[PDB]
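Some notes on the structure that comes next.
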Amino acid sequence: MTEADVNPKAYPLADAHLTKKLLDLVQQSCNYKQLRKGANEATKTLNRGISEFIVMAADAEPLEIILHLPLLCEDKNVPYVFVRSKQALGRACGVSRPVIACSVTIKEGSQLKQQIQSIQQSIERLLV
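In my numbering, the protein residues as written are 82 to 209.
In structure tokens, the structure reads:
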């Protein structure tokens, strides 16, 4: 009973479990003296060539900026994942408020890479 032009419902989308384990990835970043929580600033992370992880709220605004990050598509290397929880993203990044768009910078020759690289594949699987 469905064959019309429905909405994307902010996809892809990760279950409550996937988001739980993924969330920890954000807090872990701060432990490596690395962290990011800003839509306008996020444009720099990608422009610098270190945007491997990106987390944004399905209902986070301004949205016009959330779509500015991606130039072409996943083919052009553009990580992104929606989560049904902002209160968590605000504390994960390290701020006393709901973050709009945050990202995690990857470090070269780092032990964390062994983990970030593994979980990274998770996002790609949903990207395409």
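Each residue gets a CB set at the ideal place from its N, CA and C atoms; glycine is no exception.
Let me know if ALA123 comes out buried or exposed under the rule of 16 or more other beta-carbons within 10 Å of its beta-carbon. buried
Check for me: the alpha helix (DSSP H) holding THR83 runs from which residue to which? Counting along the chain, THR83 falls outside any alpha helix (DSSP H), and DSSP gives it neither H nor E.
Hey, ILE197 and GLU155: beta-carbon distance below 8 Å or not? no
Reference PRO179, options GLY119, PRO160 and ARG129, closest by Cα: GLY119
Roughly how many whole angstroms lie between the Cα atoms of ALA97 and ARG165? 8 Å
Please report the residue range of the alpha helix (DSSP H) in which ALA182 lies. First-last for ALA182: 182 to 186, but that is the beta strand (DSSP E), not the alpha helix (DSSP H).
Inter-stretch contact (C-beta, 8 Å, three-pair minimum) for the segment 173 to 190 and the segment 107 to 119: yes
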